[PDB]
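Novice: First the structure, which I've put down as structure tokens, then a few questions once you've had a look.
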Amino acid sequence: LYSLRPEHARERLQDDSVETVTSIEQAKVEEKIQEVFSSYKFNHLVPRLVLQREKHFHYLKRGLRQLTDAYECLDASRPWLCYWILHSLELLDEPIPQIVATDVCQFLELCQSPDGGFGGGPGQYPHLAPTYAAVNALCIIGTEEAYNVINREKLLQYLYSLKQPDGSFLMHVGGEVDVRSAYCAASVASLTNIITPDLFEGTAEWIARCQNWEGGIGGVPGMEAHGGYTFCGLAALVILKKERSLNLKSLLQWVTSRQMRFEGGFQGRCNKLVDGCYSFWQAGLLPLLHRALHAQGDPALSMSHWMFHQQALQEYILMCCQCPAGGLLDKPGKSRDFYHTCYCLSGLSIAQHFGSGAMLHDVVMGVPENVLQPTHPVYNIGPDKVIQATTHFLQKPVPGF
Amino acid sequence: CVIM
Amino acid sequence: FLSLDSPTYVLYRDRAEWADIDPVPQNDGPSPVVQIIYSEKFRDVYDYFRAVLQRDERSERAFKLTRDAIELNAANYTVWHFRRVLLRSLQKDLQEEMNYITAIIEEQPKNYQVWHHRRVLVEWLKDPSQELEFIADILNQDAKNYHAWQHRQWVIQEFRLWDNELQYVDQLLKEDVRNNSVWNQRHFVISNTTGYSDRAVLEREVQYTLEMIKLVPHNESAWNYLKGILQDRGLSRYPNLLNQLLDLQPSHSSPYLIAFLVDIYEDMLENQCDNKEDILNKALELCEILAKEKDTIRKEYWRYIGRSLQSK
Ligand SMILES: CC(C)CCCC(C)CCCC(C)C[C@@H](O)P(=O)(O)O
Ligand SMILES: [Zn+2]
């Protein structure tokens, strides 16, 4: 394993003897991770990376039905819980009962607002985060019924209701503004085919203002480059077919710098710590950046791998981010939840599967049963559900008015 | 991680 | 009026001033999914919220209730919205509300609604007088709270409060020179006040940054900052650069020195230079060292820079 090797130990943190609050914390994670790495040596077994797929399935399968009061804090993020669970199962190649999928469809219909979009639960004001989630859920199911839950004529009204003169959108009426709104609107509007000519007017320009001196993208122009916002920005530009509104060179140097030499997983910001959900937000940026670069006819691009260590990210996840009882997590010690479950898995799948036209170099770490279904690097739903949804809505006219 |  | 934590807290259903209203329960549908088993207390406040809201009862009791609804789930943006409506309608003392949101943010500094609610009040009041001091207190508990820095940039930008922020950035950079939020803030500030076009400023910056590098050579932020402030004019328009950095090869080396050199070389090539053939050889060797020995986590990127360095 790239990680359990002896030279990899030189990838340990160089403190410079000038220790700050950052060195300290980083060095702490590194030790807890080292332990996991050396887990094998101390115990005298041969290393066998395996994805506790059954344990994970039973966790997800239960949460799709009911959660403890520990989830009272995500009571305004219910379409998210459907998405995270229904996508983890989707990647684990697990089943979505013709009855459960309906209930999900029926529940989301209750979340949907008469003004368009979706709320965090029955009766909540529509918000772009839950709308993005509800739409991705409905597409993962992908049936006349699910698709039919989405009110496209109302969704455009709503999208237009949030649209800002400078190109940005609010997340909800009277709500905040940051790149998530741009990606959320772009993802749902494109999939459901409601993109008019002036919908995203000036949106690519605002998103390009979020790109700062680091090569990365921040929440709003002027802010620190962050991995979850950089994915929202890049993916939003890929949808709008405007990746080129950014300096892709520096964006590439920035994203690639985010992978932890010693841990293998990614960090959300320069000098922060690794975190499993970033296995998708950050690593997902390379496939996006492959297309982008090859699109401008780049020669130096690989025909088998992404521009990050696919091996190291799969070791990090398999070894360090898996919960014995099921579910994945931030890093060792951290508790499990459906968000990290949905994102460590999405990142594993990004890491295991490459593409480049007709090239297909999958890399599956450990037990080959560890390979996951594929996921689309823009929507983060199976590439088939994406294709299936867009075309179905494509036979509907954009809500012209 | 709070995303909303 | 009555704490959710008080030993003598009573359910809204058991309340005398809340009997004329019927608690509207959540409708998750005959066959629930991702259904949360709320506590009797969580369900109680919310059944009453659904009703007051549903009635659009813009009352003082409704006001006091959102407070409890917010404490049970501060991330409930719908309740936060109805509360702003009550703020306007009931014509509430906003400064008193500034104090409320101040305490709530201290509690959940990573909540999106609380920061936005605060921003709405400051706008209503057109008063940014408490901001930099409040933020600095939050950044004192977590020097990298994204919401705190973002809110900070808004107060400075909008109210044009730039004068003492670089002094603040310097303070925090003294506390943790690896604080990327501060390196970014320093750029935000300089680039919005004087800019980096001023030779004296540019020099002062590169000097200071070359210092932080020749002090904590493996601190990436200082490297991405120095690169950031120069790369926007051409690293190759700075002859002395390659030298001073080359001087740090054995005294302050990290794969950052090598990566920066690979970046200068790239620009001495874009701009064409004598010895370019050797330059390209030196640069590709560095790409192989970083790719094979010096920084293999990104061997895919480093060899790709080797291959692009071929074509262009
Ligand atoms: C809603 C989306 C489509 C994407 C959200 C992506 C994110 C994980 C965003 C994270 C928001 C912020 C600023 C988090 C910070 O508090 P931190 O970097 O500490 O986690
Ligand atoms: Zn995370």
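Novice: Among the candidates A:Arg53, A:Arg78, A:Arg48, A:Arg62, which residue alone is within 16 Å of ligand 1 (Cβ to nearest atom) and charged (D, E, K, R)?
Specialist: Working: A:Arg53 fails: within 16 Å of ligand 1 (Cβ to nearest atom); A:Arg48 fails: within 16 Å of ligand 1 (Cβ to nearest atom); A:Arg62 fails: within 16 Å of ligand 1 (Cβ to nearest atom).
So the residue among A:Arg53, A:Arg78, A:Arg48, A:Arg62 that is within 16 Å of ligand 1 (Cβ to nearest atom) and charged (D, E, K, R) is A:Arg78.
Novice: Being within 16 Å of ligand 2 (Cβ to nearest atom) and facing another protein chain (nearest Cβ under 10 Å) is the filter; apply it to region A:220-231 and report the residue that is nearest to the chain's Cα centre (by Cα). Walk me through it before giving the result.
Specialist: If we filter region A:220-231 for residues that are within 16 Å of ligand 2 (Cβ to nearest atom), which is where we start, we get A:226-231.
Among the residues that remain, those that are also facing another protein chain (nearest Cβ under 10 Å) are: A:226, A:228-229.
Details: A:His226: 13, A:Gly228: 8, A:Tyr229: 11 Å.
Out of the qualifying residues, it is A:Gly228.
Novice: From (1) within 11 Å of ligand 1 (Cβ to nearest atom); (2) outside any loop (DSSP other than H, G, I, E, B), pick out the condition that doesn't hold for A:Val220.
Specialist: Just one mismatch for A:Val220, condition (2).
Novice: Out of all the residues in region C:108-117, is one or more more than 16 Å from ligand 1 (Cβ to nearest atom) and either in contact with a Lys or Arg (Cβ under 9 Å, 6 or more places away or on another chain) or not in a helix (DSSP H, G or I) (or both)? Reasoning before the result, please.
Specialist: Taking region C:108-117 and keeping what is more than 16 Å from ligand 1 (Cβ to nearest atom), we get C:117.
Remaining after also requiring either in contact with a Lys or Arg (Cβ under 9 Å, 6 or more places away or on another chain) or not in a helix (DSSP H, G or I) (or both): C:117.
Yes, region C:108-117 contains at least one residue that is more than 16 Å from ligand 1 (Cβ to nearest atom) and either in contact with a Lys or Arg (Cβ under 9 Å, 6 or more places away or on another chain) or not in a helix (DSSP H, G or I) (or both).
Novice: So, one more: Please count how many residues of region A:371-400 are out of contact with any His (no Cβ under 6 Å at 6 or more places or on another chain) and in contact (Cβ under 8 Å) with a residue 40 or more places away in the chain.
Specialist: The initial filter retains those residues of region A:371-400 that are out of contact with any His (no Cβ under 6 Å at 6 or more places or on another chain), namely A:371-373, A:375-382, A:384-385, A:387-400.
When the remaining residues are screened for being in contact (Cβ under 8 Å) with a residue 40 or more places away in the chain, the result is A:372-373, A:375, A:377-382, A:385, A:388-390, A:392-394, A:396, A:398-400.
Adding up the residues that qualify gives 20.
Novice: Looking at the structure I just gave you, is C:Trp18 within 12 Å of chain A (Cβ to nearest Cβ) and touching a residue at least 24 places away in the same chain (Cβ under 8 Å)? Spell out the reasoning first.
Specialist: On the way: within 12 Å of chain A (Cβ to nearest Cβ): no; touching a residue at least 24 places away in the same chain (Cβ under 8 Å): yes.
When the stated conditions are applied, C:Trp18 does not pass them.
Novice: Follow-up. Among what's in region C:85-107 and is part of a helix (DSSP H, G or I) and more than 25 Å from the chain's Cα centre (by Cα), pick the residue that is nearest to the other protein chains (Cβ to nearest Cβ).
Specialist: Quick first cut of region C:85-107, residues part of a helix (DSSP H, G or I) only: C:85-89, C:94-107.
So of that shortlist, the ones also more than 25 Å from the chain's Cα centre (by Cα) come out as C:85-89, C:94-96.
Values: C:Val85: 9, C:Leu86: 13, C:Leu87: 12, C:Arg88: 11, C:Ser89: 14, C:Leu94: 16, C:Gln95: 21, C:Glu96: 21 Å.
The extreme case among them is C:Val85.
Novice: For A:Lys249, are the conditions met, namely being out of contact with any helix residue (DSSP H, G or I) (no Cβ under 7 Å at 6 or more places or on another chain), away from ligand 2 (no atom under 16 Å from the Cβ) and not polar (S, T, N, Q)?
Specialist: Values: out of contact with any helix residue (DSSP H, G or I) (no Cβ under 7 Å at 6 or more places or on another chain): yes; away from ligand 2 (no atom under 16 Å from the Cβ): yes; not polar (S, T, N, Q): yes.
Considered against the rule, which asks whether it is out of contact with any helix residue (DSSP H, G or I) (no Cβ under 7 Å at 6 or more places or on another chain), away from ligand 2 (no atom under 16 Å from the Cβ) and not polar (S, T, N, Q), A:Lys249 comes out as yes.
Novice: Sticking with this structure for a sec: Is it the case that some residue within region C:177-184 is closer than 22 Å to A:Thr20 by Cα, within 12 Å of another protein chain (Cβ to nearest Cβ), of a type in the set (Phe, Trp, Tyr) and surrounded by 19 or more Cβ atoms within 10 Å (Cβ to Cβ)? Give the steps one after another, and end with the answer.
Specialist: Residues of region C:177-184 that are closer than 22 Å to A:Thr20 by Cα, as a first pass: C:177-184.
Restricting the remaining residues to those that are within 12 Å of another protein chain (Cβ to nearest Cβ) gives C:177-184.
When the remaining residues are screened for being of a type in the set (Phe, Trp, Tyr), the result is C:183.
Checking which are surrounded by 19 or more Cβ atoms within 10 Å (Cβ to Cβ) leaves us with C:183.
Yes: region C:177-184 contains one or more residues that are closer than 22 Å to A:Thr20 by Cα, within 12 Å of another protein chain (Cβ to nearest Cβ), of a type in the set (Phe, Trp, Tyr) and surrounded by 19 or more Cβ atoms within 10 Å (Cβ to Cβ).
Novice: Just a yes or no: is a residue in region A:196-204 within 16 Å of ligand 2 (Cβ to nearest atom) and in a helix (DSSP H, G or I)?
Specialist: Of the residues in region A:196-204, the ones within 16 Å of ligand 2 (Cβ to nearest atom) are none.
Checking region A:196-204: not a single residue is within 16 Å of ligand 2 (Cβ to nearest atom) and in a helix (DSSP H, G or I).
Novice: Here's something else I'd like to know. How many residues does region A:311-336 contain that are assigned to a helix (DSSP H, G or I) and away from ligand 2 (no atom under 16 Å from the Cβ)?
Specialist: First, the residues of region A:311-336 that are assigned to a helix (DSSP H, G or I): A:311-320.
Pick out the ones that are also away from ligand 2 (no atom under 16 Å from the Cβ) and you get A:311-312, A:314-315, A:318-319.
Residues meeting the conditions: 6.
Novice: To continue, here is another question. Could you tell me whether region C:229-237 includes any residue that is within 18 Å of C:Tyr208 (Cα to Cα) and away from every other protein chain (no Cβ under 12 Å)?
Specialist: So far as region C:229-237 goes, yes, one or more of its residues are within 18 Å of C:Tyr208 (Cα to Cα) and away from every other protein chain (no Cβ under 12 Å).
Novice: Same structure, new question: Restricting the first residue to region A:268-286 and requiring it to be under 21 Å from A:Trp84 (Cα atoms), which pairs with a second residue that is within 11 Å of ligand 2 (Cβ to nearest atom) and among the charged types (D, E, K, R) meet a Cβ separation below 8 Å and a spacing of at least six or different chains?
Specialist: If the second residue must be within 11 Å of ligand 2 (Cβ to nearest atom) and among the charged types (D, E, K, R), the pairs left are A:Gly268/A:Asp275; A:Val274/A:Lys331; A:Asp275/A:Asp330; A:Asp275/A:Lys331; A:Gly276/A:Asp330; A:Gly276/A:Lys331; A:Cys277/A:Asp330.
Novice: Restricting attention to region C:139-191, which residues are over 22 Å from C:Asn111 (Cβ atoms) and of a type in the set (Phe, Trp, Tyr)?
Specialist: C:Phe159, C:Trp162, C:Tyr168, C:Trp183, C:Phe188, listed by residue number.
Novice: Further question: Just give me the residues in region A:111-148 being within 8 Å of another protein chain (Cβ to nearest Cβ) and buried (at least 20 other Cβ atoms within 10 Å of the Cβ), in sequence order.
Specialist: The first filter runs over region A:111-148 and keeps only residues within 8 Å of another protein chain (Cβ to nearest Cβ), leaving A:119-125, A:127, A:129-130.
Answer for region A:111-148, where residues must be within 8 Å of another protein chain (Cβ to nearest Cβ) and buried (at least 20 other Cβ atoms within 10 Å of the Cβ): A:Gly119, A:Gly120, A:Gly121, A:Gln124, A:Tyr125, A:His127, A:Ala129, A:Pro130.
Novice: Restricting to region C:119-149, what's the tally of residues that are farther than 18 Å from C:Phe159 by Cα, aliphatic (A, V, I, L, M) and away from chain A (no Cβ under 13 Å)?
Specialist: Count: 1.
Novice: Residue by residue through region C:141-167, note down the ones that are aliphatic (A, V, I, L, M) and either within 16 Å of ligand 1 (Cβ to nearest atom) or part of a helix (DSSP H, G or I) (or both). Write out each step before concluding.
Specialist: If we filter region C:141-167 for residues that are aliphatic (A, V, I, L, M), which is where we start, we get C:143, C:148, C:155-156, C:161, C:166.
If the condition is that a residue be aliphatic (A, V, I, L, M) and either within 16 Å of ligand 1 (Cβ to nearest atom) or part of a helix (DSSP H, G or I) (or both), then C:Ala143, C:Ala148, C:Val155, C:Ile156, C:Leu166 are the ones that fit.
Novice: Here is a follow-up. Looking at this structure, is A:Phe308 more than 16 Å from ligand 2 (Cβ to nearest atom), surrounded by 21 or more Cβ atoms within 10 Å (Cβ to Cβ), within 12 Å of another protein chain (Cβ to nearest Cβ) and closer than 20 Å to C:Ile305 by Cβ? Reasoning before the result, please.
Specialist: Values: more than 16 Å from ligand 2 (Cβ to nearest atom): yes; surrounded by 21 or more Cβ atoms within 10 Å (Cβ to Cβ): yes; within 12 Å of another protein chain (Cβ to nearest Cβ): yes; closer than 20 Å to C:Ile305 by Cβ: yes.
Considered against the rule, which asks whether it is more than 16 Å from ligand 2 (Cβ to nearest atom), surrounded by 21 or more Cβ atoms within 10 Å (Cβ to Cβ), within 12 Å of another protein chain (Cβ to nearest Cβ) and closer than 20 Å to C:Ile305 by Cβ, A:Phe308 comes out as yes.
Novice: Keeping to region A:232-256, report how many residues are within 16 Å of ligand 1 (Cβ to nearest atom) and either in contact with a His (Cβ under 9 Å, 6 or more places away or on another chain) or within 14 Å of chain C (Cβ to nearest Cβ) (or both). Talk me through it step by step, then tell me what you get.
Specialist: Initially, region A:232-256 is screened for residues within 16 Å of ligand 1 (Cβ to nearest atom), giving A:232-240, A:254-255.
Going one step further and asking which of them are either in contact with a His (Cβ under 9 Å, 6 or more places away or on another chain) or within 14 Å of chain C (Cβ to nearest Cβ) (or both), we end up with A:232, A:254-255.
Adding up the residues that qualify gives 3.
Novice: Follow-up. Condition check: within 23 Å of the chain's Cα centre (by Cα), charged (D, E, K, R), assigned to a loop (DSSP other than H, G, I, E, B) and within 16 Å of ligand 1 (Cβ to nearest atom). Does A:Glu176 satisfy that? Quick ask: steps written out before the conclusion?
Specialist: Details: within 23 Å of the chain's Cα centre (by Cα): yes; charged (D, E, K, R): yes; assigned to a loop (DSSP other than H, G, I, E, B): yes; within 16 Å of ligand 1 (Cβ to nearest atom): yes.
Against the criterion (within 23 Å of the chain's Cα centre (by Cα), charged (D, E, K, R), assigned to a loop (DSSP other than H, G, I, E, B) and within 16 Å of ligand 1 (Cβ to nearest atom)), A:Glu176 qualifies.
Novice: Take region A:204-214 and flag every residue that is in contact (Cβ under 8 Å) with a residue 40 or more places away in the chain and under 20 Å from the mean Cα position of the chain (by Cα).
Specialist: Result: A:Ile207, A:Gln211.
Novice: Let me ask another. Within region A:87-94, does at least one residue satisfy the condition of being crowded, with 24+ Cβ neighbours inside 10 Å, touching a helix residue (DSSP H, G or I) at 6+ places or on another chain (Cβ under 7 Å) and at the interface with another protein chain (Cβ under 8 Å from one of its Cβ atoms)?
Specialist: Looking through region A:87-94, none of the residues is crowded, with 24+ Cβ neighbours inside 10 Å, touching a helix residue (DSSP H, G or I) at 6+ places or on another chain (Cβ under 7 Å) and at the interface with another protein chain (Cβ under 8 Å from one of its Cβ atoms).
Novice: Taking region A:268-281 as the region of interest, how many residues are over 15 Å from A:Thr375 (Cβ atoms) and within 11 Å of ligand 2 (Cβ to nearest atom)? Before you say what the answer is, go through the steps one by one.
Specialist: Pass one, region A:268-281, residues over 15 Å from A:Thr375 (Cβ atoms): A:268-276, A:278.
Filter once more, keeping what is within 11 Å of ligand 2 (Cβ to nearest atom): A:268, A:272-276, A:278.
The total comes to 7.
Novice: If you go through region A:337-380 one residue at a time, how many are under 17 Å from the mean Cα position of the chain (by Cα) and either within 16 Å of ligand 2 (Cβ to nearest atom) or small (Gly, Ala, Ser) (or both)?
Specialist: Result for region A:337-380: 16.
Novice: Another question, if that's okay. Name the residues in region C:122-142 that are of a type outside the set (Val, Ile, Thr) and buried (at least 19 other Cβ atoms within 10 Å of the Cβ), would you? Can you show your working first?
Specialist: Initially, region C:122-142 is screened for residues of a type outside the set (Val, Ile, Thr), giving C:123-134, C:136-137, C:139-142.
Listed by number, the residues that qualify are C:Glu131, C:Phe134, C:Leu139.
Novice: Specify the residue that is farthest from the other protein chains (Cβ to nearest Cβ); the eligible residues are those in region A:149-173 that are under 15 Å from A:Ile239 (Cβ atoms) and not in a helix (DSSP H, G or I).
Specialist: Within region A:149-173, the first condition is being under 15 Å from A:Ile239 (Cβ atoms), and the residues that meet it are A:159, A:167, A:169.
Among the residues that remain, those that are also not in a helix (DSSP H, G or I) are: A:167, A:169.
Working: A:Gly167: 17, A:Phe169: 14 Å.
If we take residues in region A:149-173 being under 15 Å from A:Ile239 (Cβ atoms) and not in a helix (DSSP H, G or I), then A:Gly167 is farthest from the other protein chains (Cβ to nearest Cβ).
No lab work stands behind these numbers, since they all come straight from the coordinates. All Cβ positions, even for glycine, are placed from backbone atoms using ideal geometry, and neighbour counts span all protein chains on display.
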